[PDB]
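Given next, in C-alpha cells, is a single chain: the form deposited in one PDB entry.
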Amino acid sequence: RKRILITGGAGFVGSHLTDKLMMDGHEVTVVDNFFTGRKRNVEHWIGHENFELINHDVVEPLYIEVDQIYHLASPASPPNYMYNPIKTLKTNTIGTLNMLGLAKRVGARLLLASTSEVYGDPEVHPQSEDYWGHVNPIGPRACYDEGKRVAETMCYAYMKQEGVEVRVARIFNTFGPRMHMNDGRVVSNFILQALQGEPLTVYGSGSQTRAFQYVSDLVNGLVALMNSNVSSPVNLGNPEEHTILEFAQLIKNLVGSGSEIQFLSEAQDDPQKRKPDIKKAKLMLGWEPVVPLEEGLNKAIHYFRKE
C-alpha cells in the first residue's frame, strides 16, 4: 500500500521500524549516511522488491514521491552526539528543514523522532507533554537537546504555515537487539559485563529504579502515532520501574556466563532523571508497552551473545 521514507532507517530504532513496515507490505525507502547506522541492520531487505536503500545525508535535499516520512536521522546516544556538536546541530536543523520541505512538496505526513531530553532536567514529575522542559541552551548536551527542541518548532511551523501533516514522538529510553552499547547505561553495561565473564557490579543495594522501553513497543508506538490524527506531541516510553538489582539478576540468568553479582554497599545510584507520563498515548492511540522486561532483555541478549 503506502510509500514510506525512513530517515535513519539503518540505525537501532529505524531498522526495526523498517522490518515491521516491510512485513506489513509497504514500499520502504531507507535514507541513511551510516554515520552510526550499519548495513547489517537492513541487509535482509536489500534486493527485495519493495525496498530501497539510499546512502544519503539528510542535510542534502531529497526529491522523492512518498506518502509518509519517519524522520529518525539523528545521532542518538550521548557519546556519539557530544563528540560532534556541530554535526548534531546541522543534522537536527538543516536536516529537519529538508525533510519538512520534502513533506510539504509531495504531500507526505511526517513523523519526528524527538526525545525526552526536550524536557531537560525536569522540575515536574512525571513529565507530560504540557511540560515546557528545563534545558540549558548552552551546555555540552545542548547540541542534541536544543537541536531536537527546535526541530519540534520547525514541524509546527510547517504545519501552521504550509499545512504539512506532522507527528511528534517524544521518545524515552529504549533497548533491544542492535542498540548501542556505549551509553554506559545500566543494561548495556550489565550485559557487556556478563557476556565477557566480568562481575556485575551493583551499587548500594541496587534499589534505585530504571524504566526502559523495549524497541518493538516503541516501533508499535511510532506506527500507531503516524497513522493517528493526533498532531501534538506524544510521549512514547515505558514507565514501569525495575530496580537496578533486578536488571543485574535478569541479565545474569539470561547470559548464563556464571558471572557473579556483587555489591558495593558504600556506593550509590542516581534516581532516574526523567519518567514519562504515557496516558495520552493510551487514550489517543490505544497503545501501551506490551513486552515484559525479561522477554526484551532475552531478545536483546540473544542478539549480542551471537555478535
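Residue numbers here begin at 1 and follow the sequence given. C-alpha atoms forming the largest set that superposes within 1.5 Å between two forms make up the rigid core.
This protein has a second form, the form deposited in another entry, left out of what is shown; the following refers to that one.
Core-based superposition between the shown form and the other one leaves all of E152, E129, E165, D183 but one with CA shifts under 2 Å; the exception is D183. Put the two forms on the same core and the Cα of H26 is off by less than 2 Å between the shown form and the other one. Residue displacement note: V59 has its CA displaced by under 2 Å between the shown form and the other one (rigid core superposed). With a cut-off of 2 Å and the rigid core superposed, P78 has a Cα displacement that falls short of the cut-off between the shown form and the other one. Contraction of the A267-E123 CA spacing by 3 Å or more is recorded in the other form, set against this form. Whereas the shown form places them at one spacing, the Cα atoms of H134 and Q272 lie at least 3 Å closer in the other form.
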